[PDB]
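Novice: Got an experimental structure here, sequence first:
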Amino acid sequence: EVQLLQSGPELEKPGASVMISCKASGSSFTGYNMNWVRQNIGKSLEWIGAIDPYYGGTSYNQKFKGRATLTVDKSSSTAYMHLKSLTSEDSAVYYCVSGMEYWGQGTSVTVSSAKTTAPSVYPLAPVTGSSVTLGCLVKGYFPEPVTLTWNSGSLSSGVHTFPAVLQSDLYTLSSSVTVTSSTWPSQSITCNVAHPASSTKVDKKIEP
Amino acid sequence: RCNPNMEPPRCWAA
Amino acid sequence: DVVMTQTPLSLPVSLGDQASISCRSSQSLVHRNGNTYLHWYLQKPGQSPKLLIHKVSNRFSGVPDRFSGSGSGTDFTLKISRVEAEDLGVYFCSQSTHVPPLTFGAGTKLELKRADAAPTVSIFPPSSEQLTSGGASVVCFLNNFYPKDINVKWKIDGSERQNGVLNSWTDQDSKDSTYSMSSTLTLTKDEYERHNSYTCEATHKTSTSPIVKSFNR
């Protein structure tokens, strides 16, 4: 039982560098090599390299061209991965993996030139068996994340909130809510959206 | 060190 | 580098079914020392991968008996004898015989079967709020469908528009095992106002004909 704790989400600009940590405990270790593997939007996995905590030797994936640097701080049971000359290609979730057996929780790295940007929030009104569908469009924000609810969680059944997608170089998200057709517009439906990075909190009532 | 359960005992870290 | 090819990419199953996933390597993974460093991981949704099988057939600590690995040389198979809900996820093979680099297959998604279901399609004109701002996004939801393969086109006054379309798909739904999709077409206000008929057009297994929802501006 090796427990591996990784540092939090990183946002960097193109050309910059990133360093992520991995704190090892357990359990516990047999001093196995610490590996680093990233996973891109498509869920494919790419091994970056491995370092031996003991004598400090390393093995790197040639394809990184020495942009990657692995180190260990023996005195603190901490491994680090440093990656330089970042491009959008390097946006991924990065994992530390002890002896290829135990995986950390992953660290999101987003490489982007975008600056923090509040979204615009738009109500999506219709025009259906027993039901009607409404929606909410949260357009042009940066960075992740946003949170979205309907009538403050009152409606959660039959909600679909879709993964944000990065229609360059800002995020857009949408959400639909499906209710009994007799109940709207006779009853109010409202989209509640928050985007903390921009101090955005808005409620949009959907009107006929 | 090498993890003989996942890789050769005489791996690059040996 | 060793290329790892897994098949199929997706495998629908019912609970209790037997399931079988294949991994082919571009080179023999038999090491000089006589061992074969072929391993299998499962990544559940929202989680990190976990080791299931190492060196072809050895179950890792805590892994149940229903998982079994076999194969040799360049041909390998993970079998699950009686599938449970906790087994649903993405299975990846990896090899560490020839390194660097260690390599992985692209993964096989184990998903739950259910009866086929046509999408519920809803279409939405731009809000006034957005038109004020000079933009016009038209949105289409295609909700609670099965199976997961689906296509959408946008057609405006009898011509397809492919520029400015943004799609997002959910993962399989925890309750009802369906999929959903959202498609947004973004135009300028002036562009939107230059046309009258807007249609979201889908193809899905559940109809031989396209499934359309439309409005007139």
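Specialist: Here it is on my side, so go on. Numbers count the residues shown, from 1 in each chain, chains lettered A, B, ... in the order given.

Novice: Where does residue C:203 sit: helix, strand or coil?
Specialist: Assigned by DSSP: H, G, I helix; E, B strand; the rest coil, the conformation of residue C:203 is strand.

Novice: Would you mind measuring from it to residue C:209?
Specialist: Look at residue C:203 and residue C:209: by C-beta to C-beta, to the nearest Å, they are 9 Å apart. To be clear about C-beta, it is placed using only N, CA and C from the backbone, and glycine gets the same treatment.

Novice: now do residue A:39
Specialist: Distance of residue A:39 to residue C:209, given as C-beta to C-beta: 39 Å.

Novice: With residue A:155 instead?
Specialist: When distance is defined by C-beta to C-beta, residue A:155 is 33 Å away from residue C:209.

Novice: Residue C:150 now?
Specialist: The span separating residue C:150 from residue C:209 equals 14 Å under the rule C-beta to C-beta.

Novice: about what we covered before: if you count what's nearby, which of residue A:39 and residue C:209 comes out ahead?
Specialist: residue A:39 (20 against 6; other C-beta atoms under 10 Å in any protein chain shown).

Novice: so which helix or strand takes in the closest residue in space to the more buried one that isn't next to it in sequence?
Specialist: Using C-beta to C-beta, 6 or more residues apart in numbering or on different chains and skipping the chain neighbours, the partner closest in space to residue A:39 is residue A:93 (4.8 Å). Using DSSP states H and E, the element containing residue A:93 is strand A:92-98.

Novice: Could you point out the helix or strand that follows that strand?
Specialist: strand A:102-103.

Novice: which residues does residue C:80 contact?
Specialist: Residues near residue C:80 by C-beta atoms under 8 Å, 6 or more residues apart in numbering or on different chains: C:18, C:19, C:20, C:66, C:67, C:68, C:87, C:110.

Novice: got it, and residue C:207?
Specialist: Here residue C:207 is in contact with residue C:118 (C-beta under 8 Å, 6+ apart).

Novice: And it, how far from chain A?
Specialist: Distance from residue C:207 to chain A, counting by C-beta to the nearest C-beta, to the nearest Å: 17 Å.

Novice: so what's that residue bridging to?
Specialist: Counting by DSSP bridges, residue C:207 is bridged to residue C:204.

Novice: Residue A:58 now?
Specialist: Beta-bridge partners, per DSSP bridges, of residue A:58: residue A:51.

Novice: How about the one residue in chain C that gets nearest to chain B, nearest residue that isn't a chain neighbour?
Specialist: The nearest approach of chain C to chain B comes at residue C:96, 4.7 Å away (C-beta to the nearest C-beta). Distance criterion C-beta to C-beta, 6+ apart; nearest residue to residue C:96, sequence neighbours excluded, is residue C:37 at 4.3 Å.

Novice: Contact partners for residue C:27?
Specialist: Contacts of residue C:27 (C-beta under 8 Å, 6+ apart): C:2, C:74, C:98.

Novice: Please repeat the previous calculation with a cut-off of 10 Å.
Specialist: Residue C:27 makes contacts with C:1, C:2, C:3, C:73, C:74, C:95, C:97, C:98, as judged by C-beta atoms under 10 Å, 6 or more residues apart in numbering or on different chains.

Novice: Please identify, among those, the one with the most neighbours.
Specialist: residue C:95 (25 neighbours).

Novice: So that one is in contact with residue C:104, correct?
Specialist: Yes: judged on C-beta atoms under 10 Å, residue C:95 makes contact with residue C:104 at a distance of 8.1 Å.

Novice: any common contacting residues for those two?
Specialist: The contact lists of residue C:95 and residue C:104 share C:2, C:4, C:23, C:39, where a contact means C-beta under 10 Å, 6+ apart.

Novice: Now the residue in chain B positioned nearest to chain C: closest residue in space that isn't a chain neighbour?
Specialist: Closest to chain C within chain B is residue B:7: 4.7 Å, counting by C-beta to the nearest C-beta. Residue nearest to residue B:7 in three dimensions, not counting chain neighbours: residue C:96, with 4.7 Å by C-beta to C-beta, 6+ apart.

Novice: domains of the chain?
Specialist: Reading this off chain A. The domain map for chain A lists A:1-113, A:114-208, with the assignment taken from curated CATH domains.

Novice: I was thinking of chain C, sorry if that wasn't clear
Specialist: Split by curated CATH domains, chain C gives C:1-114, C:115-217.

Novice: Centre of the chain to the last one, how far?
Specialist: Averaging C-alpha positions (C-alpha atoms, centre = their mean, to the nearest Å) puts domain C:115-217 19 Å from its chain's average.

Novice: distance of the residue lying farthest from the centre of chain C from residue C:2?
Specialist: Centroid-distance maximum for chain C: residue C:33 at 38.2 Å, with C-alpha atoms, centre = their mean. Counting by C-beta to C-beta, the separation of residue C:33 from residue C:2 is 17 Å.
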